[PDB]
Amino acid sequence: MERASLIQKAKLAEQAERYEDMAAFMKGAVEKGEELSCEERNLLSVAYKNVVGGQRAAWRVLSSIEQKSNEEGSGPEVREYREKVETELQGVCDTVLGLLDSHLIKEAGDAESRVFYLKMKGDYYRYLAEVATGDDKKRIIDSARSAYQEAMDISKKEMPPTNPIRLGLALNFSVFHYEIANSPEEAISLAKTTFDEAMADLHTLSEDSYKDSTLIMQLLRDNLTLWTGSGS
Amino acid sequence: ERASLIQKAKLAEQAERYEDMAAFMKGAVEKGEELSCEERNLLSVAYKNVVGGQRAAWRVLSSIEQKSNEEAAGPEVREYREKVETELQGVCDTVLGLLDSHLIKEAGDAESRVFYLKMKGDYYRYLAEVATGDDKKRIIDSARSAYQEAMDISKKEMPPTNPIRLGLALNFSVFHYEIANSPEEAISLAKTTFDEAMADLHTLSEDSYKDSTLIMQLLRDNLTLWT
């Protein structure tokens, strides 16, 4: 089907490293109104993650230049171009959130995929929050907070504390608390709690999941080590 | 203004947004001012990166299209390889379009005129790596007549150790071996360019010593690979 061609082409774009095209093919495939398989969700995620990743990296470089020029010692061209990048980035996030709302979230049946999409919804509102400045910041921060909270409530009632999707979601929500909401204590606390609960349930894991789950637990410990300790 | 476009192209280079860098350089060229040394290099980088990425992707796809013949396959591969091919053609046409009105006709000195006439030969050569039909011959010839006019405002204007003149000869020899499939002419041109620059090494200054020997390295590499 039209859908089978779009999926095949998205795989070719991944191999050709044409992520903008990969995103477009996955968008079109979603729009066929079929549920995404596990492999397909990951193709969708990779496409948009790469696209937004590049825009965020560039925005940081430009924002950094804009700030080092307003400092003691050292034209409006920097602001104009930083705004262009910002606007482009917003377009991508709005597109992603538009797809999750109409129609990935409301269209998913089982709990695993419902959590995956809500986590993605928090992730993309969090990306919008990284750049937002006005009265709009607060609303956006809150829409990311509810997407993550709704995903957390489902994962607690439907998944074991060692499930990698659950661990991934908690890890991102804690990063959101530290960096976005600027609630470092809540971030540290959520991270430790998630770790210790998964830790108590390690013995119940099968061989293949233990690798995936300990890898995410490594990321939680890394953040905890960073958030609780200096240098010098 | 032109000053803003130039400044923005520099920012895009730092943000690695080459598509945007190309667009800013195009706009700045269109002001009708001559490009300084720094500016020509921003223009060459901006389009080289863009086209480089498209060529690399086309090769990957063309390779997959050939490995599927024997024998999911489907027409999807061809459909997408054609999309990439078409996109690439648009870029080359844009480059050559301003390398015509105006860049080589707008330049006064010989170094600058050679730079643009090398670039024109380079972008026609790119159009060939994709073209196959009755069109493959015309394009090869437009790259050829561009490289020969460039090969003559070089031997008669620049020393045999000049890096621009070495760079141009290196590319024209690659055009003979790979595109025109005249391996003998390629080998001959390469060896000649090498040995003439070799005789004049002692006359080089400290800073040019590095740049010129580097090009001569790519010419002793090619000649120990091709033969």
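Sequence-order numbering is used: residues on each chain count from 1 as written, possibly diverging from the entry numbering, and only residues with coordinates are shown. Written order decides the labels, with chains lettered from A and ligands numbered from 1. Side-chain metrics in this entry use all non-hydrogen atoms of the structure; hydrogen atoms and water are not considered. Residues with missing side-chain atoms are left out of burial classes, side-chain pairs and their counts.

Looking at the entry header, you'll see X-ray crystallography listed as the method and 3.9000 Å as the resolution.

## What about the overall build of chain B?
Helix and strand content of chain B: nine helices and zero strands. In this setup the radius of gyration rests on C-alpha atoms only. A globule is expected at 2.2 Å times the number of residues raised to 0.38. Taken over C-alpha atoms, the radius of gyration comes to 19 Å for chain B, in line with the 17 Å a tight globule of 227 residues would show. Counting only C-alpha atoms, chain B reaches 60 × 50 × 30 Å along its principal axes. Runs of H or I in DSSP of at least four residues are treated as helices and runs of E of at least two as strands, each being numbered from the N terminus.

## Considerations on the interface of chain A and chain B
If you look at the interface, chain A gives 23 residues, while chain B gives 24 residues. When two components associate, each loses some accessible surface as probed by a 1.4 Å sphere; the sum of these losses over both components is called the buried area. When the buried area of chain A at its contact with chain B is split by residue, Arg18, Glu77 and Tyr81 of chain A rank highest and sum to 31% of it. Between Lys or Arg on one side and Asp or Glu on the other, a salt bridge is scored when a side-chain nitrogen of the former is within 4 Å of a carboxyl oxygen of the latter. Counting the contacts that link chain A with chain B gives six salt bridges. Among the salt bridges present, the one from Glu79 of chain B reaches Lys9 of chain A, with a minimum N-O distance of 3.4 Å. In protein, a polar contact means a hydrogen-donor-capable atom and an acceptor-capable atom, both N or O and within 3.5 Å, with residues adjacent in sequence counting only if both atoms are side-chain atoms; elsewhere, any N or O pair within 3.5 Å suffices. Linking chain A with chain B are nine residue pairs in polar contact. Those elements giving two or more residues to the side of chain A that touches chain B turn out to be α1 (2-15), α2 (19-30), α3 (38-69) and α4 (77-105) of chain A. When residues of the side of chain A that touches chain B are assigned to their parent elements, the largest contribution, seven residues, is made by α4 of chain A. The residue inventory of the side of chain A that touches chain B, partitioned by class, reads eleven nonpolar, four polar and eight charged. By definition in these notes, contact holds between two residues if any of their heavy atoms fall within 4.5 Å. Polar here means any residue other than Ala, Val, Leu, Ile, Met, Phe, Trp, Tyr, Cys and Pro, which are nonpolar, and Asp, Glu, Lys and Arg, which are charged; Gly is therefore polar.

## A word on the environment of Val61 of chain A
Along the chain, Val61 of chain A falls in helix α3. Per-residue accessibility, obtained with a 1.4 Å probe over protein chains only, is compared with the maximum for each type, and a residue is labelled buried under 20%, exposed over 50%, and partly exposed between these values. Here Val61 of chain A falls in the partly exposed class, since its relative accessible area comes to 32%.

## Digging into the side chain of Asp20 of chain B
Positionally, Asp20 of chain B belongs in helix α2 (residues 18-29). The buried category is assigned to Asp20 of chain B, whose relative accessible area is 9%. Within the local environment of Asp20 of chain B, its side chain forms a polar contact with the side chain of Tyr81 of chain A, the two groups lying 3.2 Å apart. One polar contact links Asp20 of chain B to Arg17 of chain B, side chain to side chain, over a distance of 2.8 Å. If we ignore the near neighbours within four places in the chain, the residues touching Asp20 of chain B are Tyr81 and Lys84 of chain A together with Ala12 of chain B.

## Observations regarding the pattern of salt bridges
Residues and elements named next belong to chain B. Considering all chains together, one arrives at 40 salt bridges over all chains under this definition. The residue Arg81 makes a salt bridge to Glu85 at a minimum N-O spacing of 2.9 Å. Here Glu85 and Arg81 lie together in helix α4 (residues 76-98), a separation of four residues that amounts to about one turn. One exposure class covers both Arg81 and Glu85, and it is buried. A single network of salt bridges, built from pairs that share partners, joins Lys48, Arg55, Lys118, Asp122, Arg125 and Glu129.

## Concerning the packing of helix α1 (residues 2-14) of chain B against helix α3 (residues 37-69) of chain B
All names here are of chain B. Under this scheme, a helix contributes an axis fitted over its contacting stretch, all axes are lines through C-alpha atoms, and angles between N-to-C directions fall in the 0 to 180 degree range. For the pair α1 and α3, the least separation of the axes is 11 Å and the interaxial angle reads 55 degrees. If you check the angle between α1 and α3, you find them oblique. With respect to the hand of their crossing, α1 and α3 are arranged in left-handed fashion. Each of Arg2, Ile6, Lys10 and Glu13 in α1 lies in contact with α3, whose residues at this interface are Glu38, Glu39, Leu42 and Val45. To sort the angles, those under 35 degrees are grouped as roughly parallel, those over 145 as roughly antiparallel, those from 65 to 115 as roughly perpendicular, and the leftovers as oblique. Helix crossings are classified by the rotation of the near helix relative to the far one: an anticlockwise turn of less than a right angle makes the crossing left-handed, while a clockwise turn makes it right-handed.

## Concerning the environment of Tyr18 of chain B
Residues and elements named next belong to chain B. Examined against the element boundaries, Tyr18 turns out to sit in helix α2. For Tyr18 and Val50, which are 32 residues apart along the polypeptide, the C-alpha to C-alpha distance reads 6.2 Å. Leaving out residues up to four positions away in the same chain, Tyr18 has contacts with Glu13, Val45, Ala46, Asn49 and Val50.

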